[PDB]
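This report concerns only the one structure given below.
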Amino acid sequence: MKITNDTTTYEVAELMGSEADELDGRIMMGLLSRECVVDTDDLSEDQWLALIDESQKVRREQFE
């Protein structure tokens, strides 16, 4: 997927899997911004999985 200025957190969440919710999507949007990722095609599977893990760490640290 290409991230635009109008991509929604619901769309990013859908990229993560059916279990992810809008907060997962907003956290992941922050991570993709920090990593300068526009095209999700560019992420290797291992890179993507590391970002998923990190979004779960951020969800529990910065919100619980």
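If you count by the entry's author numbering, then the sequence shown holds residues 1 to 64, one letter each, in order. Beta carbons are placed, not taken as given, at the ideal position from N, Cα and C, and that holds for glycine.
Mind reading off the beta-carbon distance from residue i to residue j? Whole number of angstroms is fine, and I expect it under 8 Å.
{"i": "residue 32", "j": "residue 54", "result": "Actually they do not touch by this definition, with Cβ atoms about 11 Å apart."}
Have a look at residue i and residue j and give me their C-alpha separation to the nearest angstrom.
{"i": "residue 9", "j": "residue 60", "result": "18 Å"}
{"i": "residue 63", "j": "residue 27", "result": "11 Å"}
{"i": "residue 23", "j": "residue 11", "result": "11 Å"}
{"i": "residue 46", "j": "residue 4", "result": "24 Å"}
{"i": "residue 2", "j": "residue 16", "result": "14 Å"}
{"i": "residue 19", "j": "residue 34", "result": "23 Å"}
{"i": "residue 57", "j": "residue 42", "result": "23 Å"}
{"i": "residue 40", "j": "residue 25", "result": "13 Å"}
{"i": "residue 51", "j": "residue 44", "result": "11 Å"}
Which word fits residue i, buried or exposed, when buried means at least 16 other C-beta atoms lie within 10 angstroms of its C-beta?
{"i": "residue 38", "result": "exposed"}
Do residue i and residue j have their C-beta atoms closer together than 8 Å?
{"i": "residue 6", "j": "residue 13", "result": "no"}
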